[PDB]
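Following: one structure in structure tokens, then a few remarks.
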Amino acid sequence: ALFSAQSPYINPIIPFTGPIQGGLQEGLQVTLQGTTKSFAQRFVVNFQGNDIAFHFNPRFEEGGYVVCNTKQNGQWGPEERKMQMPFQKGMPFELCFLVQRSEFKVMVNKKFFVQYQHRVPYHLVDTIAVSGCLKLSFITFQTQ
Amino acid sequence: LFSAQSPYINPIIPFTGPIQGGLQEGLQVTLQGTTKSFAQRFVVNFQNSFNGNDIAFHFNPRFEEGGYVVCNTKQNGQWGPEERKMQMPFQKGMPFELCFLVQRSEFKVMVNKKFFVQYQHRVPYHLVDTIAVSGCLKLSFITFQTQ
Ligand SMILES: CC(=O)N[C@@H]1[C@@H](O[C@@H]2O[C@H](CO)[C@H](O)[C@H](O)[C@H]2O)[C@@H](O)[C@H](CO)O[C@H]1O
Ligand SMILES: CC(=O)N[C@@H]1[C@@H](O[C@@H]2O[C@H](CO)[C@H](O)[C@H](O)[C@H]2O)[C@@H](O)[C@H](CO)O[C@H]1O
């Protein structure tokens, strides 16, 4: 049973940048409903001026895969690549990030896709940022 | 840290050997060895001999394309989606300490005393009673410690 603390962002214009009230919290669920463009190459979801705690980057290249990473001081860390594309060009998607004690859990269309353990603490993240070849219907914030 | 199994000393690669009482929560499997200096890739397979062919955890460092490690599972002769760590913690031609710490929800992998990668269980871990090692390396020993 999930309750919303923060009001959702409805039909945000891509590229979008918006604050997460009170910052990330344990148990917080961030759901993105939207659509992948028909000729999509890439899109980006960043939890983060220039320091990305968690970089979520699907790529319609080399068979289809998703990059998870962290930017610290303008430097990308080692990549954790999941060699499978859970999205589809032209098709709507549900993307769910769950903030757990030691990892983000990532769900795509109600099925687990990947986890990424925190390299920097989640508490210091107070900004979601979305860009690339997609449109969004909404972004929700829910904490049980 | 106690020996639930007596160490394999200088096992010849390719290697295949039983793990005593299968994988358990808190078990550390250490591979002390050296990577060849002309090394393409090498394999550490944790597997179940009751479906031989299958591989529960496939750990495969590849000295290619900048150097990365592949972690995967093989079920019914099929490979699942790969989890690639894009970083090579083994130096070509050099010695290494490779630790596999079995935990409730994942394998924890340590290289040269540094945490390297994790791998969440895709098939139940209790099924693994075999460790297999192959490719461009040589092994000094394989120890077994319980945490
Ligand atoms: C294809 C490309 O332009 N660069 C590749 C790198 O991709 C960058 O990865 C970071 C996150 O790690 C971020 O997504 C950035 O927007 C990408 O350009 C990278 O995957 C590697 C180098 O580490 O290969 C580059 O070709
Ligand atoms: C590199 C190669 O020869 N084949 C590529 C696949 O690699 C296989 O991967 C499995 C484990 O997932 C295992 O290591 C086997 O020995 C490899 O042949 C695979 O990495 C890619 C798909 O991303 O396609 C093959 O070309």
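Just so you know, the protein sequences line up as chains A and B, in that order. Numbers 2 to 49, 54 to 149, taken from PDB author numbering, label the letters of the first sequence in order. Note that PDB author numbering has the second sequence beginning at 3, numbered continuously upward. Even for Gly, the Cβ is constructed at its ideal location relative to N, Cα and C.
Residue i - containing beta strand (DSSP E), residue span
i: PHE143/A; result: 139-148
i: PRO20/B; result: 17-20
i: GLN26/B; result: Unbroken run through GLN26/B: none, as it is neither H nor E.
Strand pairing of residue i, partner residues [DSSP]
i: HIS123/B; result: Per DSSP, none; premise fails for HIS123/B.
i: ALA134/B; result: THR18/B, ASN47/B
i: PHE40/B; result: In the DSSP output, where bridge partners are listed per residue, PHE40/B has none listed.
i: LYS110/B; result: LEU103/B, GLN120/B
i: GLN7/B; result: Paired residue(s): none; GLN7/B is not in a bridge.
i: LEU33/A; result: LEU100/A, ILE144/A
Member of the options whose CA lies at the smallest distance from the CA of residue i
i: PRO126/A; options: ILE21/A, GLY69/A, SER107/A; result: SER107/A
i: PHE98/B; options: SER5/B, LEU141/B, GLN49/B, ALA41/B; result: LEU141/B
i: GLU67/B; options: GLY23/B, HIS128/B, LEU3/B, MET90/B; result: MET90/B
i: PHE17/A; options: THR148/A, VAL46/A, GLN77/A; result: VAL46/A
i: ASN55/A; options: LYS38/A, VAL130/A, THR145/A; result: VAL130/A
i: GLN105/B; options: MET96/B, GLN120/B, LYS94/B; result: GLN120/B
i: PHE44/B; options: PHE117/B, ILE144/B, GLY137/B; result: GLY137/B
i: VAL135/A; options: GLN30/A, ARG64/A, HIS60/A, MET96/A; result: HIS60/A
Residue environment, residue i, which counts as buried when at least 16 other CB atoms sit within 10 Å
i: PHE4/B; result: exposed
i: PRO20/A; result: exposed
i: residue 162/B; result: The first residue shown for chain B is 3 and the last is 149, placing residue 162/B beyond what the model contains.
i: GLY35/B; result: buried
i: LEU139/A; result: buried
i: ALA2/A; result: exposed
i: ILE57/A; result: buried
i: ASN50/B; result: buried
i: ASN74/A; result: buried
Next on the checklist: As an exercise, report each continuous beta strand (DSSP E) stretch of at least 3 residues that is fully enclosed by the region 48-107 of chain B, in chain order.
Outcome noted: Counting only runs of 3 or more, we get 57-64, 70-77, 85-88, 97-104.
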